[PDB]
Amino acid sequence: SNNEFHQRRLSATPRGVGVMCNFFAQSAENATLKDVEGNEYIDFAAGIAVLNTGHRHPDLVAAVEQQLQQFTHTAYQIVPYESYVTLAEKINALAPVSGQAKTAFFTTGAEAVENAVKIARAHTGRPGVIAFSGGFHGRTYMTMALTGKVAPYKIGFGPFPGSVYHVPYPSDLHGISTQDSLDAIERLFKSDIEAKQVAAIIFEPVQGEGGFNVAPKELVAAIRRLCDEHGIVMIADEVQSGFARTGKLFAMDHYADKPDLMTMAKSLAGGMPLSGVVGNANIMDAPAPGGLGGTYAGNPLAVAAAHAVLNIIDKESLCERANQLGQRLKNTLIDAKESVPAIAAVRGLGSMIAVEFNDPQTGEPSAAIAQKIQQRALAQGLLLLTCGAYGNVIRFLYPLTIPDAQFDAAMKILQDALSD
């Protein structure tokens, strides 16, 4: 029963860990999710862009099973294992970072961001960090501070550390330009903190919870220029955009400038708990032995899954397929724009696409319309996710391995849900 267990969950767990759906997952494969009462759903959430290679991809299951017949945990900081080194070598070969790449593995994306910040601070000896409004980087203390949304991520968890600031993110719909961001960064350097006291600038090439806003090329170039000038570490948070989501393996592959450090997680292990930081070896080697670590860091099962994820992305050509699916979804949303004026924007990159809804009679961002369209899709068996500053963005996070027929059915459902 989904109601019995709804009450059991509300009684056993705190209200702080909120849950979107009131049905309980029973099984899942690729992009199909069945609950405990037999209802099937098309998963356009992918565990929040974690299942780019799909629920229980057979190669991932095979790799996890093979490793489960060897060992699940030795603590890498005690007894190492080759799979860690080989995955790090492959990431170094593929990651677009400055200089020669070195990679370390942790467990959660928040741990990856934390360690990127630790590496930057140890390299520069500086305290400051600049992030962007609307950015999301984790739910730990420091990663909350870096996160550019207060409600609900930061309510009641303050005070937050000093030397951490935010500048507005370029958004065409809201009149924020690249030059607005650069002016805010300059106002930081002239009012708040010395440029030679800022250790890192951290940014998402495509903001996840921010509404799938893409960083303009000028912005990435300017960030690279400022970091080169002032000795600041450039951090690209590719935790959500990484691994073929944006049409290339990493979102940063769409830009000429390379960041110094890059954080990875979610789809890195295709449904297993793994994260990592990859970047310039001169910067990564700043902490001494013992300065970085984590007990679950580089979990053998998750690392095997990540090897499988890389091979799947390659052999099934998930980058091109991400581009094709994103184009089809854009076509559907733009065609619907003619009949549903509430659609205010269609943005994104590759298969990282989102639609933002304004009230057609007011012009103000309306979360109500987004919620009701999300209700309609769900009742039709389509699981959609909400994001944005005002919670009026629907982001589409289908697995890149979703079959064509199921994707077309999902487009039909989305068309019927857009139009009342």
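Don't overthink the numbering: it's just position in the shown sequence, from 1.
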### Average Cα temperature factor in the PDB entry - higher stretch of 312-320, 293-301
312-320
### Task
Give the stretch, out of 343-351 and 136-144, with the larger mean C-alpha temperature factor in the deposited entry.
343-351
### Task
Give the position of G54 by CA B-factor within its chain, expressed as the lowest, middle or highest third.
middle
### Task
Sorting the chain's modelled residues by C-alpha B-factor, tell me whether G38 ends up in the lowest, middle or highest third.
middle
### Message
Split into thirds by Cα B-factor across the chain's modelled residues, where does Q327 land: lowest, middle or highest?
### Response
highest
### Task
Just say lowest, middle or highest third for the CA B-factor of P14 relative to the other modelled residues in its chain.
middle
### Message
Please say which third, lowest, middle or highest, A336 falls into when its CA temperature factor is compared across its chain.
### Response
highest
